[PDB]
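Enquirer: What follows is the file target.cif, containing mmCIF, N, CA and C atoms and all ligand atoms:
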```cif
data_target
#
loop_
_atom_site.label_atom_id
_atom_site.label_comp_id
_atom_site.auth_asym_id
_atom_site.auth_seq_id
_atom_site.Cartn_x
_atom_site.Cartn_y
_atom_site.Cartn_z
N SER A 1 -98.57 -63.35 -47.40
CA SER A 1 -98.76 -62.79 -46.06
C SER A 1 -100.22 -62.89 -45.60
N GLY A 2 -100.39 -63.26 -44.33
CA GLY A 2 -101.72 -63.35 -43.74
C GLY A 2 -101.99 -64.60 -42.94
N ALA A 3 -102.50 -64.42 -41.73
CA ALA A 3 -102.84 -65.55 -40.87
C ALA A 3 -104.13 -65.29 -40.06
N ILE A 4 -104.73 -66.36 -39.49
CA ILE A 4 -105.89 -66.22 -38.60
C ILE A 4 -105.44 -66.54 -37.18
N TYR A 5 -105.72 -65.64 -36.24
CA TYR A 5 -105.34 -65.85 -34.86
C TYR A 5 -106.61 -66.04 -34.04
N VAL A 6 -106.93 -67.30 -33.68
CA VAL A 6 -108.10 -67.63 -32.87
C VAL A 6 -107.64 -68.41 -31.67
N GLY A 7 -107.86 -67.86 -30.47
CA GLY A 7 -107.42 -68.45 -29.21
C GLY A 7 -105.93 -68.71 -29.23
N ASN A 8 -105.50 -69.92 -28.84
CA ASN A 8 -104.09 -70.24 -28.85
C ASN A 8 -103.65 -70.88 -30.17
N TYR A 9 -104.26 -70.46 -31.30
CA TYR A 9 -103.88 -71.01 -32.62
C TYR A 9 -103.60 -69.94 -33.66
N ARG A 10 -102.56 -70.20 -34.47
CA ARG A 10 -102.21 -69.40 -35.64
C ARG A 10 -102.53 -70.31 -36.87
N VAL A 11 -103.32 -69.83 -37.83
CA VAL A 11 -103.73 -70.59 -39.02
C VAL A 11 -103.08 -69.95 -40.23
N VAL A 12 -102.27 -70.69 -40.97
CA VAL A 12 -101.56 -70.14 -42.13
C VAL A 12 -101.70 -71.02 -43.38
N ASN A 13 -101.31 -70.50 -44.58
CA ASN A 13 -101.20 -71.37 -45.76
C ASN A 13 -99.96 -72.24 -45.44
N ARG A 14 -100.08 -73.57 -45.53
CA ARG A 14 -99.01 -74.49 -45.24
C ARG A 14 -97.78 -74.18 -46.10
N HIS A 15 -97.96 -73.78 -47.40
CA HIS A 15 -96.80 -73.44 -48.25
C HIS A 15 -96.05 -72.15 -47.81
N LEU A 16 -96.64 -71.36 -46.92
CA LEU A 16 -95.97 -70.15 -46.41
C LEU A 16 -95.56 -70.27 -44.94
N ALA A 17 -95.70 -71.46 -44.34
CA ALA A 17 -95.39 -71.66 -42.93
C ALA A 17 -93.90 -71.48 -42.65
N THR A 18 -93.57 -70.91 -41.48
CA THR A 18 -92.20 -70.65 -41.03
C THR A 18 -91.62 -71.86 -40.25
N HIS A 19 -90.33 -71.80 -39.82
CA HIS A 19 -89.77 -72.85 -38.98
C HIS A 19 -90.51 -72.85 -37.62
N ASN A 20 -90.92 -71.67 -37.10
CA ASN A 20 -91.65 -71.62 -35.83
C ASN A 20 -93.02 -72.25 -35.92
N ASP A 21 -93.68 -72.17 -37.08
CA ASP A 21 -94.98 -72.84 -37.30
C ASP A 21 -94.76 -74.37 -37.27
N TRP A 22 -93.65 -74.85 -37.82
CA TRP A 22 -93.33 -76.28 -37.83
C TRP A 22 -92.81 -76.82 -36.47
N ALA A 23 -92.10 -75.99 -35.70
CA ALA A 23 -91.60 -76.39 -34.38
C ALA A 23 -92.69 -76.35 -33.28
N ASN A 24 -93.86 -75.79 -33.60
CA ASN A 24 -95.02 -75.68 -32.73
C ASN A 24 -96.29 -76.20 -33.44
N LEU A 25 -96.12 -77.10 -34.43
CA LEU A 25 -97.17 -77.68 -35.25
C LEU A 25 -98.24 -78.33 -34.40
N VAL A 26 -99.53 -78.05 -34.71
CA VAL A 26 -100.70 -78.67 -34.10
C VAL A 26 -101.27 -79.71 -35.13
N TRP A 27 -101.48 -79.25 -36.37
CA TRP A 27 -102.11 -79.96 -37.46
C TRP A 27 -101.67 -79.32 -38.79
N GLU A 28 -101.47 -80.14 -39.83
CA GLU A 28 -101.15 -79.63 -41.15
C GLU A 28 -101.77 -80.55 -42.24
N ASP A 29 -102.14 -80.00 -43.41
CA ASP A 29 -102.75 -80.81 -44.47
C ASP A 29 -102.41 -80.22 -45.86
N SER A 30 -101.40 -80.78 -46.54
CA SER A 30 -100.98 -80.30 -47.87
C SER A 30 -102.13 -80.32 -48.90
N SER A 31 -103.08 -81.27 -48.79
CA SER A 31 -104.24 -81.27 -49.69
C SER A 31 -105.13 -80.04 -49.48
N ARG A 32 -105.06 -79.37 -48.33
CA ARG A 32 -105.85 -78.16 -48.09
C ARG A 32 -105.02 -76.87 -48.08
N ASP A 33 -103.66 -77.00 -48.09
CA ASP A 33 -102.71 -75.92 -48.01
C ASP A 33 -102.90 -75.25 -46.64
N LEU A 34 -103.10 -76.04 -45.55
CA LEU A 34 -103.27 -75.42 -44.23
C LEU A 34 -102.25 -75.94 -43.24
N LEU A 35 -101.95 -75.12 -42.27
CA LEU A 35 -101.06 -75.49 -41.18
C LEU A 35 -101.53 -74.66 -40.03
N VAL A 36 -101.70 -75.30 -38.92
CA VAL A 36 -102.09 -74.64 -37.69
C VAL A 36 -100.94 -74.88 -36.68
N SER A 37 -100.40 -73.78 -36.13
CA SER A 37 -99.32 -73.78 -35.15
C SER A 37 -99.80 -73.14 -33.85
N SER A 38 -99.19 -73.55 -32.74
CA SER A 38 -99.54 -73.03 -31.43
C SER A 38 -98.97 -71.63 -31.20
N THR A 39 -99.62 -70.83 -30.34
CA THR A 39 -99.15 -69.47 -30.03
C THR A 39 -99.23 -69.19 -28.54
N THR A 40 -98.42 -68.24 -28.07
CA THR A 40 -98.39 -67.90 -26.66
C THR A 40 -99.44 -66.83 -26.30
N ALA A 41 -99.77 -65.94 -27.25
CA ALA A 41 -100.77 -64.90 -27.01
C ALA A 41 -102.18 -65.42 -27.36
N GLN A 42 -103.24 -64.73 -26.85
CA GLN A 42 -104.63 -65.13 -27.12
C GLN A 42 -105.28 -64.39 -28.29
N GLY A 43 -105.27 -65.01 -29.47
CA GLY A 43 -105.88 -64.49 -30.70
C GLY A 43 -107.35 -64.21 -30.53
N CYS A 44 -107.86 -63.22 -31.25
CA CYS A 44 -109.24 -62.79 -31.05
C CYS A 44 -110.12 -62.82 -32.32
N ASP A 45 -109.70 -63.53 -33.37
CA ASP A 45 -110.52 -63.64 -34.58
C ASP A 45 -111.69 -64.60 -34.32
N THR A 46 -112.89 -64.28 -34.79
CA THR A 46 -114.04 -65.17 -34.62
C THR A 46 -114.18 -66.01 -35.90
N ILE A 47 -114.35 -67.33 -35.76
CA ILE A 47 -114.55 -68.18 -36.92
C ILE A 47 -116.03 -68.33 -37.19
N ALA A 48 -116.42 -68.23 -38.47
CA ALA A 48 -117.79 -68.42 -38.91
C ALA A 48 -118.11 -69.93 -38.88
N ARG A 49 -119.32 -70.29 -38.47
CA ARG A 49 -119.80 -71.67 -38.47
C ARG A 49 -121.11 -71.54 -39.26
N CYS A 50 -121.05 -71.70 -40.60
CA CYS A 50 -122.19 -71.38 -41.45
C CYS A 50 -122.04 -71.95 -42.87
N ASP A 51 -123.05 -71.76 -43.75
CA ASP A 51 -122.94 -72.17 -45.15
C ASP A 51 -123.08 -70.95 -46.09
N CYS A 52 -122.52 -69.81 -45.70
CA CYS A 52 -122.57 -68.59 -46.49
C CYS A 52 -121.90 -68.76 -47.83
N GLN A 53 -122.41 -68.10 -48.84
CA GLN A 53 -121.77 -68.09 -50.15
C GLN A 53 -121.53 -66.72 -50.70
N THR A 54 -121.54 -65.72 -49.83
CA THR A 54 -121.22 -64.32 -50.11
C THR A 54 -120.35 -63.85 -48.93
N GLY A 55 -119.51 -62.89 -49.23
CA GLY A 55 -118.59 -62.36 -48.25
C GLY A 55 -117.71 -61.27 -48.82
N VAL A 56 -116.65 -60.91 -48.05
CA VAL A 56 -115.65 -59.88 -48.32
C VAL A 56 -114.25 -60.43 -48.04
N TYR A 57 -113.34 -60.23 -48.95
CA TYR A 57 -111.95 -60.67 -48.76
C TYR A 57 -110.99 -59.49 -48.93
N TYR A 58 -109.84 -59.56 -48.26
CA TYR A 58 -108.84 -58.52 -48.39
C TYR A 58 -107.83 -58.89 -49.50
N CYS A 59 -107.57 -57.96 -50.46
CA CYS A 59 -106.65 -58.17 -51.58
C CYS A 59 -105.43 -57.24 -51.48
N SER A 60 -104.31 -57.78 -50.96
CA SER A 60 -103.11 -56.99 -50.71
C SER A 60 -102.46 -56.39 -51.96
N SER A 61 -102.60 -57.05 -53.12
CA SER A 61 -102.08 -56.53 -54.40
C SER A 61 -102.82 -55.25 -54.88
N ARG A 62 -104.00 -54.94 -54.31
CA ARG A 62 -104.75 -53.73 -54.61
C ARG A 62 -104.98 -52.85 -53.35
N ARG A 63 -104.55 -53.34 -52.16
CA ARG A 63 -104.78 -52.73 -50.86
C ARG A 63 -106.30 -52.45 -50.67
N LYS A 64 -107.14 -53.42 -51.10
CA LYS A 64 -108.59 -53.27 -51.12
C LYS A 64 -109.33 -54.52 -50.67
N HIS A 65 -110.45 -54.34 -49.93
CA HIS A 65 -111.38 -55.39 -49.55
C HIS A 65 -112.45 -55.42 -50.66
N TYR A 66 -112.80 -56.61 -51.15
CA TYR A 66 -113.75 -56.81 -52.23
C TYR A 66 -114.90 -57.74 -51.85
N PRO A 67 -116.15 -57.32 -52.17
CA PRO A 67 -117.29 -58.24 -51.96
C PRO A 67 -117.25 -59.31 -53.08
N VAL A 68 -117.56 -60.60 -52.73
CA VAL A 68 -117.49 -61.77 -53.61
C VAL A 68 -118.56 -62.79 -53.32
N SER A 69 -118.96 -63.51 -54.36
CA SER A 69 -119.83 -64.67 -54.22
C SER A 69 -118.90 -65.81 -54.39
N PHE A 70 -119.00 -66.82 -53.54
CA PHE A 70 -118.07 -67.93 -53.65
C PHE A 70 -118.75 -69.29 -53.65
N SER A 71 -118.05 -70.30 -54.17
CA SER A 71 -118.64 -71.63 -54.25
C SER A 71 -118.54 -72.38 -52.92
N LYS A 72 -119.15 -73.57 -52.87
CA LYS A 72 -119.13 -74.46 -51.70
C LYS A 72 -117.79 -75.21 -51.64
N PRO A 73 -117.30 -75.52 -50.43
CA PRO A 73 -115.98 -76.19 -50.30
C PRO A 73 -115.88 -77.48 -51.10
N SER A 74 -114.88 -77.57 -52.00
CA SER A 74 -114.75 -78.72 -52.88
C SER A 74 -113.30 -79.03 -53.35
N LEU A 75 -113.13 -80.16 -54.08
CA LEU A 75 -111.87 -80.64 -54.67
C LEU A 75 -111.71 -79.92 -56.00
N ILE A 76 -110.61 -79.19 -56.20
CA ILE A 76 -110.39 -78.46 -57.44
C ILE A 76 -108.96 -78.70 -57.91
N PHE A 77 -108.77 -78.96 -59.21
CA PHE A 77 -107.44 -79.13 -59.75
C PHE A 77 -106.64 -77.83 -59.65
N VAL A 78 -105.41 -77.93 -59.12
CA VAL A 78 -104.49 -76.82 -58.98
C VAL A 78 -103.21 -77.23 -59.69
N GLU A 79 -102.79 -76.42 -60.68
CA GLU A 79 -101.59 -76.67 -61.49
C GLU A 79 -100.33 -76.66 -60.63
N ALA A 80 -99.32 -77.44 -61.05
CA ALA A 80 -98.04 -77.59 -60.34
C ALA A 80 -97.36 -76.25 -60.00
N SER A 81 -96.85 -76.12 -58.77
CA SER A 81 -96.11 -74.94 -58.32
C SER A 81 -94.72 -75.37 -57.74
N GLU A 82 -93.93 -74.40 -57.24
CA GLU A 82 -92.64 -74.73 -56.59
C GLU A 82 -92.85 -75.39 -55.20
N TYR A 83 -94.08 -75.30 -54.64
CA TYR A 83 -94.44 -75.83 -53.33
C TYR A 83 -95.14 -77.19 -53.44
N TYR A 84 -95.88 -77.43 -54.53
CA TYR A 84 -96.64 -78.66 -54.67
C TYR A 84 -96.62 -79.19 -56.07
N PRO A 85 -96.69 -80.52 -56.24
CA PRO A 85 -96.89 -81.07 -57.60
C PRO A 85 -98.35 -80.81 -58.06
N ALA A 86 -98.67 -81.06 -59.34
CA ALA A 86 -100.06 -80.83 -59.82
C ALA A 86 -100.99 -81.84 -59.11
N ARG A 87 -102.07 -81.34 -58.46
CA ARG A 87 -102.95 -82.20 -57.67
C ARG A 87 -104.37 -81.60 -57.54
N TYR A 88 -105.27 -82.27 -56.81
CA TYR A 88 -106.57 -81.69 -56.45
C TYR A 88 -106.45 -81.15 -55.00
N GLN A 89 -106.81 -79.88 -54.78
CA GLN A 89 -106.80 -79.31 -53.43
C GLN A 89 -108.24 -79.40 -52.93
N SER A 90 -108.44 -79.94 -51.72
CA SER A 90 -109.78 -80.10 -51.16
C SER A 90 -110.17 -78.92 -50.27
N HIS A 91 -111.49 -78.75 -50.02
CA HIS A 91 -112.04 -77.68 -49.21
C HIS A 91 -111.76 -76.30 -49.82
N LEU A 92 -111.66 -76.22 -51.16
CA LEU A 92 -111.34 -74.96 -51.85
C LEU A 92 -112.59 -74.30 -52.40
N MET A 93 -112.73 -72.96 -52.20
CA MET A 93 -113.91 -72.25 -52.71
C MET A 93 -113.53 -71.17 -53.70
N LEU A 94 -114.07 -71.20 -54.93
CA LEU A 94 -113.71 -70.17 -55.91
C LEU A 94 -114.72 -69.00 -56.02
N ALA A 95 -114.18 -67.82 -56.34
CA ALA A 95 -114.91 -66.58 -56.54
C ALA A 95 -114.32 -65.81 -57.71
N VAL A 96 -115.14 -65.02 -58.34
CA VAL A 96 -114.71 -64.13 -59.41
C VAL A 96 -114.15 -62.88 -58.66
N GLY A 97 -112.85 -62.64 -58.87
CA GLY A 97 -112.12 -61.58 -58.19
C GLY A 97 -110.64 -61.57 -58.49
N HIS A 98 -110.03 -60.37 -58.46
CA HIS A 98 -108.60 -60.22 -58.67
C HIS A 98 -107.79 -60.83 -57.49
N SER A 99 -106.67 -61.46 -57.85
CA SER A 99 -105.70 -62.00 -56.92
C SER A 99 -104.37 -62.21 -57.63
N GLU A 100 -103.29 -62.19 -56.87
CA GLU A 100 -101.92 -62.39 -57.33
C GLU A 100 -101.22 -63.34 -56.32
N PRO A 101 -100.07 -64.00 -56.64
CA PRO A 101 -99.49 -64.97 -55.68
C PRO A 101 -99.16 -64.44 -54.27
N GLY A 102 -98.82 -63.15 -54.15
CA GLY A 102 -98.60 -62.54 -52.84
C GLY A 102 -99.88 -62.29 -52.04
N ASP A 103 -101.05 -62.64 -52.63
CA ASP A 103 -102.32 -62.42 -51.97
C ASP A 103 -102.71 -63.52 -51.01
N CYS A 104 -102.08 -64.71 -51.09
CA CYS A 104 -102.27 -65.83 -50.15
C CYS A 104 -102.27 -65.39 -48.69
N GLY A 105 -103.27 -65.80 -47.91
CA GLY A 105 -103.34 -65.42 -46.51
C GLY A 105 -104.36 -64.33 -46.22
N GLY A 106 -104.79 -63.61 -47.24
CA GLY A 106 -105.84 -62.60 -47.11
C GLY A 106 -107.12 -63.26 -46.63
N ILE A 107 -107.70 -62.72 -45.59
CA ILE A 107 -108.89 -63.27 -44.98
C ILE A 107 -110.18 -63.01 -45.78
N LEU A 108 -111.00 -64.06 -45.91
CA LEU A 108 -112.36 -64.04 -46.43
C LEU A 108 -113.30 -64.02 -45.17
N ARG A 109 -114.28 -63.12 -45.14
CA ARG A 109 -115.17 -62.94 -44.00
C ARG A 109 -116.60 -62.73 -44.49
N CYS A 110 -117.57 -63.18 -43.70
CA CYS A 110 -119.00 -62.96 -43.89
C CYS A 110 -119.53 -62.36 -42.56
N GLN A 111 -120.84 -62.11 -42.43
CA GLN A 111 -121.39 -61.52 -41.21
C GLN A 111 -121.11 -62.37 -39.96
N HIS A 112 -120.96 -63.71 -40.15
CA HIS A 112 -120.76 -64.74 -39.13
C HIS A 112 -119.35 -64.85 -38.59
N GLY A 113 -118.37 -64.36 -39.35
CA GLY A 113 -116.98 -64.45 -38.93
C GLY A 113 -116.01 -64.74 -40.04
N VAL A 114 -114.87 -65.36 -39.68
CA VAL A 114 -113.84 -65.72 -40.62
C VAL A 114 -114.22 -67.01 -41.37
N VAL A 115 -114.24 -66.95 -42.70
CA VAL A 115 -114.60 -68.08 -43.53
C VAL A 115 -113.36 -68.91 -43.94
N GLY A 116 -112.33 -68.21 -44.37
CA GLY A 116 -111.11 -68.85 -44.83
C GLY A 116 -110.12 -67.83 -45.31
N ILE A 117 -109.05 -68.32 -45.96
CA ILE A 117 -107.97 -67.47 -46.46
C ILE A 117 -107.60 -67.79 -47.91
N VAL A 118 -107.22 -66.75 -48.72
CA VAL A 118 -106.74 -66.88 -50.12
C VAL A 118 -105.62 -67.93 -50.17
N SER A 119 -105.74 -68.89 -51.10
CA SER A 119 -104.79 -69.96 -51.22
C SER A 119 -104.44 -70.21 -52.68
N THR A 120 -105.38 -69.95 -53.63
CA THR A 120 -105.13 -70.07 -55.08
C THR A 120 -105.78 -68.87 -55.81
N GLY A 121 -105.58 -68.75 -57.12
CA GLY A 121 -106.17 -67.71 -57.95
C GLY A 121 -105.60 -67.70 -59.36
N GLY A 122 -106.05 -66.76 -60.19
CA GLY A 122 -105.57 -66.64 -61.58
C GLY A 122 -106.69 -66.56 -62.60
N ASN A 123 -106.46 -65.93 -63.76
CA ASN A 123 -107.48 -65.81 -64.82
C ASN A 123 -108.78 -65.08 -64.41
N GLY A 124 -108.71 -64.20 -63.42
CA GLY A 124 -109.90 -63.51 -62.95
C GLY A 124 -110.68 -64.30 -61.91
N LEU A 125 -110.04 -65.31 -61.26
CA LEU A 125 -110.65 -66.09 -60.19
C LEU A 125 -109.81 -65.99 -58.90
N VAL A 126 -110.39 -66.34 -57.74
CA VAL A 126 -109.66 -66.38 -56.48
C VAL A 126 -110.17 -67.58 -55.69
N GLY A 127 -109.25 -68.41 -55.20
CA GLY A 127 -109.57 -69.59 -54.41
C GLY A 127 -109.23 -69.45 -52.94
N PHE A 128 -110.18 -69.78 -52.05
CA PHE A 128 -110.03 -69.69 -50.60
C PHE A 128 -110.08 -71.09 -49.89
N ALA A 129 -109.11 -71.37 -49.03
CA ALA A 129 -109.08 -72.57 -48.24
C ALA A 129 -110.04 -72.37 -47.07
N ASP A 130 -111.12 -73.13 -47.02
CA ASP A 130 -112.13 -73.02 -45.97
C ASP A 130 -111.64 -73.54 -44.63
N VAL A 131 -112.11 -72.93 -43.51
CA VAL A 131 -111.76 -73.33 -42.13
C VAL A 131 -113.05 -73.46 -41.20
N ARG A 132 -114.24 -73.33 -41.78
CA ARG A 132 -115.48 -73.40 -40.98
C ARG A 132 -115.78 -74.78 -40.41
N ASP A 133 -115.24 -75.84 -41.01
CA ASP A 133 -115.40 -77.22 -40.55
C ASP A 133 -114.48 -77.57 -39.39
N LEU A 134 -113.38 -76.81 -39.19
CA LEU A 134 -112.38 -77.10 -38.13
C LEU A 134 -112.90 -76.64 -36.78
N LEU A 135 -113.84 -77.40 -36.20
CA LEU A 135 -114.50 -77.02 -34.96
C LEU A 135 -113.57 -76.99 -33.72
N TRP A 136 -112.42 -77.71 -33.76
CA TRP A 136 -111.45 -77.76 -32.65
C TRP A 136 -110.70 -76.44 -32.41
N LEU A 137 -110.78 -75.49 -33.36
CA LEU A 137 -110.16 -74.17 -33.23
C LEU A 137 -110.79 -73.35 -32.09
N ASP A 138 -112.06 -73.64 -31.73
CA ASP A 138 -112.78 -72.94 -30.66
C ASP A 138 -112.82 -73.71 -29.35
N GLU A 139 -112.05 -74.80 -29.20
CA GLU A 139 -112.11 -75.60 -27.97
C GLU A 139 -110.77 -76.18 -27.52
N1 LIG A 201 -102.70 -73.55 -53.07
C1 LIG A 201 -101.66 -73.75 -53.87
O1 LIG A 201 -101.29 -74.87 -54.23
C2 LIG A 201 -100.96 -72.49 -54.37
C3 LIG A 201 -99.47 -72.51 -54.03
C4 LIG A 201 -98.77 -71.24 -54.52
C5 LIG A 201 -99.03 -70.99 -56.00
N2 LIG A 201 -100.47 -71.07 -56.29
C6 LIG A 201 -101.21 -70.09 -56.85
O2 LIG A 201 -102.42 -70.16 -56.94
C7 LIG A 201 -100.46 -68.88 -57.39
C8 LIG A 201 -101.40 -67.74 -57.71
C9 LIG A 201 -101.49 -67.23 -59.00
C10 LIG A 201 -102.36 -66.17 -59.27
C11 LIG A 201 -103.15 -65.63 -58.27
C12 LIG A 201 -103.10 -66.12 -56.96
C13 LIG A 201 -103.70 -65.86 -55.68
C14 LIG A 201 -103.15 -66.71 -54.81
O3 LIG A 201 -102.23 -67.54 -55.40
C15 LIG A 201 -102.20 -67.17 -56.72
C16 LIG A 201 -101.08 -72.34 -55.89
ZN ZN A 202 -121.49 -66.72 -42.46
#
```
With the file now loaded, output its structure as structure tokens.
Expert:
Amino acid sequence: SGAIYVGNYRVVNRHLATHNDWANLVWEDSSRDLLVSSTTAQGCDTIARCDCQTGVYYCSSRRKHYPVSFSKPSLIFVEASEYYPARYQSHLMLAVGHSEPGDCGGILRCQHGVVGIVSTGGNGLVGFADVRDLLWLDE
């Protein structure tokens, strides 16, 4: 659970996208686990345009927001799931922090805005799919 609503766009983990996200598809990328679908209402989330490596993310499995240091967007091996075969996911940032599979979609934020959303995790780590490079979300 969890999405980013900026202007006329809904941003979700592609593996959790609904039929409505696919029937109103703008852009999707399985290598990033992202899908952006069109919306009728005007979303008000601000996207960060920055190179921050510290922030706060929401963890639904603990009902808690946690401060985290995270890595720079990169290609990281992600083990095979029911949604994807074993592959490298690009634009992924790791942090030391608790996460569980239902945590996908939890927003990562810094002082500048929305950085990305929980997409992977395990073993005391949490991986976030970055969205700061997607400049078309604001235009
Ligand atoms: N991006 C992917 O390919 C995902 C697809 C769903 C499964 N993936 C996970 O990482 C499961 C998982 C385990 C343990 C903690 C967490 C936190 C978020 O997912 C967690 C990989
Ligand atoms: Zn920032």
Enquirer: Please identify every polymer residue within 6 Å of ligand ZN 202 (chain A), using all atoms listed in the file, and present the set as a list in words.
Expert: residues 48, 49, 50, 51, 52, 110, 111, 112 and 113 of chain A
Enquirer: Any chance you could export the current selection's N, CA and C atoms as an mmCIF file, in the coordinates of the input?
Expert:
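again-v3.cif written:
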```cif
data_model
loop_
_atom_site.group_PDB
_atom_site.id
_atom_site.type_symbol
_atom_site.label_atom_id
_atom_site.label_comp_id
_atom_site.auth_asym_id
_atom_site.auth_seq_id
_atom_site.Cartn_x
_atom_site.Cartn_y
_atom_site.Cartn_z
ATOM 1 N N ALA A 48 -116.420 -68.230 -38.470
ATOM 2 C CA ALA A 48 -117.790 -68.420 -38.910
ATOM 3 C C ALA A 48 -118.110 -69.930 -38.880
ATOM 4 N N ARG A 49 -119.320 -70.290 -38.470
ATOM 5 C CA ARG A 49 -119.800 -71.670 -38.470
ATOM 6 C C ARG A 49 -121.110 -71.540 -39.260
ATOM 7 N N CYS A 50 -121.050 -71.700 -40.600
ATOM 8 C CA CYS A 50 -122.190 -71.380 -41.450
ATOM 9 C C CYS A 50 -122.040 -71.950 -42.870
ATOM 10 N N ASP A 51 -123.050 -71.760 -43.750
ATOM 11 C CA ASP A 51 -122.940 -72.170 -45.150
ATOM 12 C C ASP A 51 -123.080 -70.950 -46.090
ATOM 13 N N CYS A 52 -122.520 -69.810 -45.700
ATOM 14 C CA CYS A 52 -122.570 -68.590 -46.490
ATOM 15 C C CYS A 52 -121.900 -68.760 -47.830
ATOM 16 N N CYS A 110 -117.570 -63.180 -43.700
ATOM 17 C CA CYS A 110 -119.000 -62.960 -43.890
ATOM 18 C C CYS A 110 -119.530 -62.360 -42.560
ATOM 19 N N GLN A 111 -120.840 -62.110 -42.430
ATOM 20 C CA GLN A 111 -121.390 -61.520 -41.210
ATOM 21 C C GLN A 111 -121.110 -62.370 -39.960
ATOM 22 N N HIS A 112 -120.960 -63.710 -40.150
ATOM 23 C CA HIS A 112 -120.760 -64.740 -39.130
ATOM 24 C C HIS A 112 -119.350 -64.850 -38.590
ATOM 25 N N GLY A 113 -118.370 -64.360 -39.350
ATOM 26 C CA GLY A 113 -116.980 -64.450 -38.930
ATOM 27 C C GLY A 113 -116.010 -64.740 -40.040
#
```
Enquirer: Show me which residues line ligand LIG 201 (chain A), defined as having an atom within 7 Å of a ligand atom where only N, CA and C atoms and all ligand atoms count, and present them as a VMD selection string.
Expert: chain A and resid 15 32 to 33 78 to 84 98 to 105 118 to 123 125 to 127
Enquirer: Going by DSSP on the backbone, which residues of chain A come out as strand (DSSP E)? List them as a ChimeraX atom specification.
Expert: /A:4-13,25-29,34-44,54-59,64-69,74-78,87-96,107-110,113-122,125-130
Enquirer: Using only N, CA and C atoms, which protein or nucleic acid residues come within 6.5 Å of residue 114 of chain A? Drop anything in the same chain fewer than 3 positions from it, and give the result as a list in words.
Expert: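 Those residues are residues 45, 46, 47, 48, 108, 109, 110 and 132 of chain A.
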Enquirer: Could you please write out, as a ChimeraX atom specification, every residue of chain A that DSSP assigns to helix (DSSP H, G or I)?
Expert: /A:14-16,19-23,101-103,135-138
Enquirer: Which residue, A:137, A:9, A:36, A:107, has the smallest gap to residue 59 of chain A when you use only C-alpha atoms?
Expert: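 Using only C-alpha atoms, the shortest distance to residue 59 of chain A belongs to A:107.
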Enquirer: Kindly give the distance, in Å, that separates atom N of residue 58 of chain A and atom N of residue 14 of chain A, rounded to a single decimal.
Expert: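 Interatomic distance here is 17.3 Å.
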Enquirer: Could you jot down the atom CA of residue 54 of chain A to atom C of residue 77 of chain A separation for me, Å, one decimal place?
Expert: 22.0 Å
